[PDB]
Amino acid sequence: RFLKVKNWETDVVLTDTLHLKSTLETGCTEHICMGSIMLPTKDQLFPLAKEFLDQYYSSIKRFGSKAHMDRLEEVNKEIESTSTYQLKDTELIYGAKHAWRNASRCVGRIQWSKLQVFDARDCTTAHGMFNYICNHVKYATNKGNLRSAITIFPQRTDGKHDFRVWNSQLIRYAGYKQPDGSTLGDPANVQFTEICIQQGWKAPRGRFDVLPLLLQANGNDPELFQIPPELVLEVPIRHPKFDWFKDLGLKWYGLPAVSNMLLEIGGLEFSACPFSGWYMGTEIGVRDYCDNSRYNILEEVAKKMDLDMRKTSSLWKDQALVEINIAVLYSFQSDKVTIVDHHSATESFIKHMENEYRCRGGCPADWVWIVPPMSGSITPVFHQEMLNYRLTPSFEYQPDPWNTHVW
Amino acid sequence: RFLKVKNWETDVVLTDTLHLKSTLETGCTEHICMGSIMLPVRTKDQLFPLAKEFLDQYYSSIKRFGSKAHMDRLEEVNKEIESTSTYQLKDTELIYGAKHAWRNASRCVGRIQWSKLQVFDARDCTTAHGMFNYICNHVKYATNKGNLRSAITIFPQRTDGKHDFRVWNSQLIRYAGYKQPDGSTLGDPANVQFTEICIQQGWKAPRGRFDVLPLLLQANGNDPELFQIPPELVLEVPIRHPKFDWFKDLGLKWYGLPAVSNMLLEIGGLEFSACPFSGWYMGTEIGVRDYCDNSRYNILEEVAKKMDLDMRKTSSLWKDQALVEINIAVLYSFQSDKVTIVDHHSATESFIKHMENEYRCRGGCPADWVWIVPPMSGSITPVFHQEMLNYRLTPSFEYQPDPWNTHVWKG
Ligand code: HEM
Ligand code: HEM
Ligand SMILES: Cc1cc(N)nc(CCc2cccc([C@@H](CN)Cc3cc(C)cc(N)n3)n2)c1
Ligand SMILES: Cc1cc(N)nc(CCc2cccc([C@@H](CN)Cc3cc(C)cc(N)n3)n2)c1
Ligand SMILES: C[C@H](O)[C@H](O)[C@H]1CNc2nc(N)[nH]c(=O)c2N1
Ligand SMILES: C[C@H](O)[C@H](O)[C@H]1CNc2nc(N)[nH]c(=O)c2N1
Ligand SMILES: [Zn+2]
C-alpha cells in the first residue's frame with residue numbers, strides 16, 4: 001500500500017503514498033500490464049466537486065475552515081439547482097496548474113507552477129476563439145523566449161454545445177497525398193488537411209504549409225481562420241558543421257501547443273483548452289523528422305553524409321540520427337528560440353521527482369513516455385523506477401471531433 | 001475476451017487471446033501500473049494442478065491430448081506427488097519446458113530463436129565439482145569457437161529448499177570489480193560485492209580491469225565452492241574501431257558468451273534453481289549498458305575526449321556522438337573476429353516478425369516494452385512503435401534473491 005521506487009544508477013529509493021489518492025483507472029490489471037498501449041449527471045458531479053474543493057482548500061491551508069464549508073455549501077446549492085457549477089478564477093488556475101502537475105507522461109513538469117492561465121470562459125463565437133488563440137500564440141511565443149500558457153474556453157454543458165479546436169496542435173504543417181503515390185508535407189495531417197480543403201481552405205500545396213484553425217464554438221459547425229503568418233515563429237534547420245544541411249530545406253515551428261485534449265477539473269470538462277510550452281529537441285529531430293511515417297528523412301541525410309548504408313550494423317541510421325538532432329538544437333539556439341535537450345530535460349525531471357516525493361509524497365510518471373526516443377539509457381530517467389497512476393485534475397485524450405460532430 | 005495491439009508506424013492491428021491462459025500476477029492493478037519496476041517450499045496441495053496444467057500443455061503441443069499416454073502420465077505424476085510429495089520430469093518434458101520458459105520470457109528480444117535451444121540435462125549432478133564439469137561443457141559447446149549456439153544446463157530441482165543447487169555468479173563469465181580505497185572502482189562496478197565474496201572464499205585476485213571471475217558453485221545446499229574456468233574456454237574480443245585507430249588504445253575487450261546463471265526455471269510447479277542459460281549478444285548490451293552506464297565502465301568521457309567533441313554543453317550531444325562510435329566499434333570487433341553478435345536494428349526487426357508469427361499461430365506474445373526497446377536509438381527501431389501486452393505464462397524464468405543473502409552456512 002506504501003510503495004518504493006528505486007533509482008538503479010544512484011540507489012536512491014523514494015516512498016510513494018500519493019498513489020492512494022488515485023481516482024481514475026490505468027488500463028492494467030493483476031493479469032495484464034497495458035503500460036505500452038497509447039490509449040487504454042447531478043449525482044456523479046457532487047462527489048467530484050467535493051474532492052476538488054477539498055484539495056484546493058487544503059492547498060491554501062484553509063481545510064475545514066468556514067470559507068471552505070461555505071464554498072462546498074455554495075457549489076452544492078448550484079449543482080442542485082443548475083446541474084453544473086462555475087469555478088472561481090482562483091480554482092480554475094489551481095485546476096489547470098494541477099492538471100499539468102498530474103500529467104504522468106510529461107517530462108517538463110518541473111515548470112508546472114509557472115503556467116499563465118487565460119480565462120476564455122466568456123468566449124461565445126469562433127471568431128472570439130480565433131482572437132483568444134492568436135493572443136495565446138503571441139504571449140507564449142514572446143519573440144523566442146517562450147512562456148508556458150493555457151487558454152480555457154467554456155466548459156461542456158449538455159454536450160451538444162461543445163467548444164473544440166479541431167486541430168491537434170495550434171501550429172502544424174499540412175499533409176497531401178500525391179498522384180505520385182507518395183506524401184507531400186507531414187503524413188500525420190493528411191486527414192485533417194483534407195477536411196480543411198473540404199470546408200474551403202485553399203491549400204498552397206507545399207511541404208511546410210502552416211494549417212488553418214478549424215474552430216467550434218458552442219456546438220456549432222467549425223469555421224476556418226488563418227493564424228496571422230507573423231505570429232507563427234519558424235526556425236530554418238542548419239548544422240554547425242555540415243554546410244549541405246541547410247540545402248535539405250528543413251524548418252520547424254518554435255511553439256508546441258496541444259489543442260485536442262480535455263481538461264477535467266472537479267468534475268467539470270473543458271473540451272477546448274489549447275496549451276503550450278517549449279520543445280525538447282528529440283521531439284522534432286527524432287520523432288517529427290525521422291519517424292518512418294513522419295518526414296522520414298534518415299535515408300536522405302545518411303546519403304549526404306556518405307555513410308555505409310549497405311548493412312544495418314554500420315549504425316548509419318544512428319549516426320544520421322545524432323546529426324539531425326545536433327542540427328535541430330543548434331538552429332533553435334542560434335535563433336534564440338527556447339529549446340531543451342533530452343539530457344537537460346531528464347535531469348530536470350529527476351530533480352522534480354525528488355521534489356514531488358519530498359513535498360507531495362509522490363509523482364505519477366509513465367516511463368514509456370518519459371524516457372527520450374534516442375539515447376535512452378544515457379539519460380537518468382532510464383534507470384529510475386516510476387509508478388504510473390491517474391490523479392485529477394487532469395488532461396485527457398478525446399475523440400477527434402469529425403467523428404462526433406453532426407453537421 | 002480479445003485484446004488488440006496496434007503498431008503506430010504500420011497500423012497493423014493484432015488480437016491477443018493467449019493472455020487468457022495467464023496465471024501468475026503482474027504487479028499492476030486498475031489503480032497503479034508497475035510496468036517500469038525492475039523486480040515486482042510448495043505443498044502437494046498446490047503442486048498437482050500445476051503439474052496437470054503443464055502436462056496438458058505438453059500433450060497438446062504433441063497432438064496427444066486426452067490420449068491413453070496423456071492419461072497414464074497424469075496418473076503416474078499424481079501418484080508420485082502423493083507418495084513422494086514431488087515428481088520427476090521425463091526428458092522430453094524438461095526439453096519442452098525449458099524452450100517454453102524462453103518462448104514465454106516477455107523481456108526477451110531474441111525469442112525468434114526459442115525453438116533452437118540445446119538442453120543439457122544435468123539432473124544426475126550431485127556435487128560442486130560435478131557442476132563445474134557440466135558448466136565447462138556448456139561453455140565450450142555454446143562458444144563453438146565464435147559460432148555461438150543457444151544452450152541451457154539444468155541442475156537438480158529444489159526439494160525442501162534446504163538442498164538447493166545454485167550458481168552464485170549472476171552470469172557464468174563476468175569481470176571482477178575492486179572498490180579502491182580512494183573510492184574509485186577498478187574493473188566492473190557491477191560485480192564488486194560478488195568479487196569480494198570470491199576473494200573471501202579464497203580467490204587470488206589478479207586485480208586488473210578485466211579479470212574473469214571464478215565460478216562459485218553450491219550443490220545440494222552445501223557451502224559453495226570456487227573453480228576457475230579454463231582460460232582457453234573463455235572467448236574474448238578486443239575492441240577496436242573501423243575508422244578510429246586510437247580506439248584500441250583504450251584497452252577495452254569483452255567476452256563473447258552472455259550466459260545468465262542466477263535465474264529460476266519453473267516447469268509444472270517444479271523449481272530449477274540452477275539452470276544457466278546462454279545465447280549471443282545484441283551489441284547495445286555491451287556498447288550502451290556495460291560500457292556507458294555511469295555505474296559500469298563509464299567510458300563516455302574518455303571516448304568523447306579522444307574524439308575532441310565539444311564537451312562544455314550537453315546540447316552538443318557529445319554523449320550521443322560518442323555512444324554511437326562505441327557501439328559501431330563493438331559490432332565491428334565481434335564481426336571481424338567471427339563471433340556471433342546482432343545489432344539492435346536487426347534484432348528488433350526479427351522480433352517484430354516473431355511477435356506477429358506468434359499472434360497468428362499462438363494467439364499472442366507477452367512482451368515487456370520497457371525491456372524490449374533498446375537503450376539507444378529507441379524510436380528508429382520498429383519495437384518503439386509497437387504496442388505490447390505484458391502477461392506471465394508458465395513455464396517461466398523468475399528472479400531469485402542472491403544466495404549469499406539466504407544461505408545457511410555449514411562452515
Ligand atoms: C514547458 C515545456 C514543456 C516541456 C519541455 C514538455 C515536455 C513534454 C514532452 C517531451 C512530452 C511528450 C510529448 C510527445 O512525445 O508527444 C510531453 C507530454 C505532455 N505534456 Fe508536456 N512539456 C512542457 C509543457 C507542458 C505544458 C505547458 C502542459 C500543459 C499545461 C503539458 C502537458 C503535457 C501532457 C498532457 C502530455 C502528454 C499528452 C499526451 O498524452 O499526448 N506539458 N511533455
Ligand atoms: C539467442 C540470442 C539472444 C538474444 C540476442 C537475447 C536478447 C536479450 C536481451 C538483449 C535481453 C535483455 C538484456 C538485458 O538488458 O538485461 C534479453 C532478456 C532475456 N532473455 Fe534473451 N536473448 C537471447 C537468448 C536467450 C536465451 C537462450 C534465453 C533462455 C533460454 C533467454 C532468456 C531471456 C530472459 C529470461 C531475459 C530476461 C532477464 C531478466 O529479467 O533479467 N534469452 N534477451
Ligand atoms: C494517439 C495520440 C495519443 C496521445 N495521448 N497523444 C498523441 C500526441 C499528441 C501530443 C500531445 C501532447 C504533447 C505532444 C508533443 C509532440 N511532440 C508536443 C508538445 C506539447 C507541449 C505542450 C510541450 C512540448 N514540449 N511538446 N503531442 C497521440
Ligand atoms: C537487477 C536485475 C534484475 C533482473 N531481472 N535482471 C538483471 C540482469 C540479468 C540478466 C538476465 C537476462 C539477460 C541479461 C543480459 C544482460 N545484458 C545478458 C544476456 C543473456 C542472454 C542469455 C543473451 C543475451 N543476449 N544477453 N541479464 C538485473
Ligand atoms: C506503442 C508506444 O507506446 C508508443 O510508440 C509510444 C512509446 N513512447 C512514447 N513516448 C513519447 N514521449 N511520445 C510518444 O509518442 C511515444 N509513443
Ligand atoms: C527502472 C527501469 O525499469 C530499469 O532501468 C530498466 C529499464 N529498461 C531495461 N531494459 C533492458 N533490456 N535491460 C534493463 O536492464 C533495463 N533496465
Ligand atoms: Zn501496468
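Numbers restart at 1 for each chain; the letters A, B, ... are given by sequence-line order, proteins then strands. We count ligands from 1, going down the list as the structure has it; atoms in each ligand are counted the same way.
With respect to atom 7 (C) of ligand 2, the closest heavy atom belonging to the protein is B:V109 CG1, 3.7 Å. The closest protein non-hydrogen atom to atom 24 (C) of ligand 2 is B:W102 CZ2, 3.6 Å. Protein heavy atom in closest approach to atom 32 (C) of ligand 2: B:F277 CE1, 3.6 Å. Summary of contacts: the protein heavy atom closest to atom 34 (C) of ligand 2 is B:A105 CB, 4.1 Å. Among all non-hydrogen protein atoms, the one lying nearest atom 38 (C) of ligand 2 is B:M263 SD, 4.0 Å.
Of all the atoms in ligand 2, the ones that sit under 4.0 Å from a non-hydrogen atom of B:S150 are 1 (C). For ligand 2, the atoms lying closer than 4.0 Å to a non-hydrogen atom of B:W371 are 14 (C), 16 (O), 39 (C), 40 (O), 41 (O). Near B:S278, the atoms of ligand 2 lying under 4.0 angstrom from a non-hydrogen atom of the residue are 27 (C). Near B:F397, with a cut-off below 4.0 Å to any heavy atom, the atoms of ligand 2 are 29 (C), 30 (C), 35 (C). Ligand 2 places these atoms under 4.0 Å from at least one heavy atom of B:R107: 17 (C), 18 (C), 37 (C), 40 (O).
Side chain to side chain, B:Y281 and B:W254 meet the donor-acceptor criterion of an N or O pair below 3.5 Å. For the residue pair B:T92/B:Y58, the side-chain donor-acceptor check at 3.5 Å is satisfied. Residues B:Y297 and B:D188 bring no donor and acceptor atom of their side chains to less than 3.5 Å of each other. There is a side-chain donor-acceptor pair under 3.5 Å between B:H344 and A:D318. Under 3.5 Å, the side chains of B:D124 and B:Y134 contain a donor-acceptor pair of N or O atoms.
With a 4.0 Å cut-off on non-hydrogen atoms, B:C108 touches ligand 2 through its backbone as well as its side chain. Within the 4.0 Å heavy-atom criterion, neither part of B:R289 lies near ligand 2. For B:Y399, no heavy-atom contact with ligand 2 is shorter than 4.0 Å. Residue B:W280 touches ligand 2 through backbone and side chain together, judged by heavy-atom distances below 4.0 Å.
Taking 4.0 Å as the cut-off between side-chain N and carboxylate O, B:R123 and B:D91 count as a salt-bridged pair. The pair A:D11-A:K6 meets the salt-bridge criterion, since a charged nitrogen lies less than 4.0 angstrom from a carboxylate oxygen. A salt bridge does not link A:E347 with A:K351: every distance from a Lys NZ or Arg NE/NH1/NH2 to an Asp or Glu carboxylate oxygen is 4.0 Å or more. Under 4.0 Å is where a charged nitrogen must lie from a carboxylate oxygen, and between A:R109 and A:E356 no such pair does.
The aromatic rings of B:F277 and B:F397 are tilted relative to each other, their planes meeting at an angle between 30° and 60°. Ring-plane geometry between B:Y96 and B:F54 is classed as tilted, the angle between the planes lying from 30 to 60 degrees on a 0 to 90 degree scale. Note on ring orientation: taking the six-membered ring where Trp is involved, the planes of B:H19 and B:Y391 are perpendicular (angle over 60°, cut-offs 30° and 60°). Using a 30° and 60° split on the angle between ring planes, B:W404 and B:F194 fall in the tilted class, from 30° to 60°.
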Can you list every pair where an N/O of ligand 4 is under 3.5 Å from an N/O on the protein?
| unit_1 | atom_1 | unit_2 | atom_2 | d |
| --- | --- | --- | --- | --- |
| ligand 4 | 17 (N) | B:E285 | OE1 | 2.5 |
| ligand 4 | 25 (N) | B:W280 | O | 2.8 |
| ligand 4 | 25 (N) | B:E285 | OE2 | 2.7 |
| ligand 4 | 26 (N) | B:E285 | OE1 | 2.7 |
| ligand 4 | 26 (N) | B:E285 | OE2 | 3.4 |

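The closest side-chain heavy-atom distance from B:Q57 to B:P395 is below 4.5 Å.
Residues A:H31 and B:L24 come closest through the heavy atom pair ND1-O, 4.4 Å.
A donor-acceptor pair is defined here as one N or O able to donate and one able to accept, closer than 3.5 Å; such a pair exists between the side chain of B:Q400 and the backbone of B:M263. Within the 3.5 Å criterion, the main-chain N or O of B:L216 finds a donor-acceptor partner in the side chain of B:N169.
Residue contacts with ligand 2 do not include B:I152, since none of its heavy atoms lies under 4.0 Å from the ligand.
Annotation: ligand 6 has protein neighbours A:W367, A:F382, A:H383, A:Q384, A:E385, B:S36, B:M38, B:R289, B:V370, B:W371, each with a heavy atom less than 4.0 angstrom from the ligand.
Here the shortest heavy-atom distance to atom 6 (C) of ligand 2, taken over A:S377, B:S170, B:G110, B:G279, belongs to B:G110.
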